[PDB]
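Residue numbers (full-length UniProt numbering): 42 to 168. Some notes on the structure that comes next.
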Ligand SMILES: CNC(=O)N1CCc2c(c(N3CCCc4cc(-c5cnn(C)c5)c(C(F)F)cc43)nn2C2CCOCC2)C1
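In structure tokens, the structure reads:
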């Protein structure tokens with residue numbers, strides 16, 4: 042099997058805006074998670090081809106990763122902060138759906154999600 046194309050990251054047919062919450066999600070949330078010791082499995086789409094996992098995209102039909110989230114934030118793809126937050130949650134849920142609980146990949150996702158929830162609990166009120 043090939044990999045699927047990555048999720049769409051740009052759409053010139055929908056309106057664009059910048060807000061302080063989206064700025065916070067790119068500059069504080071994404072930046073802090075990206076530099077984490079355990080970020081590297083989530084920084085790009087799961088490469089089922091290189092990792093020889095033929096059933097990954099048979100099980101995971103809504104893939105998401107922090108490289109896509111990065112690109113969507115940079116392209117002003119999100120109108121609402123909640124759209125981005127939902128993408129982060131999809132990434133974590135995909136990991137918990139596919140991977141063995143208590144094993145290395147899941148432990149790494151849990152560490153990132155804890156940090157994610159801490160930063161989101163400090164999401165600034167709309168400017
Ligand atoms: C968020 N990532 C994610 O959800 N994933 C899906 C499942 C997965 C991944 C890896 N990773 C990730 C870490 C790097 C890695 C490296 C190799 C590898 C082996 N040799 N070389 C040169 C590299 C392999 C291997 F499967 F090919 C797998 C993986 N494992 N699993 C499964 C875990 C259950 O058990 C079977 C493998 C990603």
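For each residue, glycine too, the CB sits at the ideal point set by N, CA and C.
Margin query: Is it the case that the region 141 to 148 contacts the region 101 to 116, given that we only count it when at least three CB pairs across the two stretches are under 8 angstroms?
Written below: Here the region 101 to 116 makes no contact with the region 141 to 148; the two share fewer than three CB pairs at distances below 8 angstroms.
Checklist line | Which of helix, strand or coil DSSP assigns to residue 79 | finding: Judged by DSSP in its simplified three-state form, residue 79 adopts coil rather than helix or strand.
Margin query: With the cut-off set at 9 angstroms, would you say residue 156 and residue 66 are in Cβ contact?
Written below: Going by C-beta atoms, residue 156 is not nearer than 9 angstroms to residue 66.
Notebook entry, point to check: Can you tell me the Cα-Cα spacing of residue 59 and residue 120, whole angstroms?
Noted result: Taking the straight line from one Cα to the other gives about 8 angstroms.
Check: Thinking just about the alpha-carbon of each residue, which of 162, 151 and 158 is nearest to the one in residue 78?
Finding: The shortest C-alpha separation from residue 78 is found at 151.
Checklist line | Range of the contiguous alpha helix (DSSP H) that encloses residue 137 | finding: Residue 137 -> alpha helix (DSSP H) spans 122 to 139.
Margin query: Nearer than 8 angstroms: is that true of the beta carbon of residue 118 relative to any heavy atom of ligand 1?
Written below: Short note on residue 118: C-beta not closer than 8 angstroms to any heavy atom of ligand 1.
Note to self: Give me, in chain order, the residues of the same chain whose beta-carbon lies closer than 8 angstroms to that of residue 88; leave out the 5 immediate sequence neighbours on both sides.
What the structure shows: Result list for residue 88: 44, in chain order.
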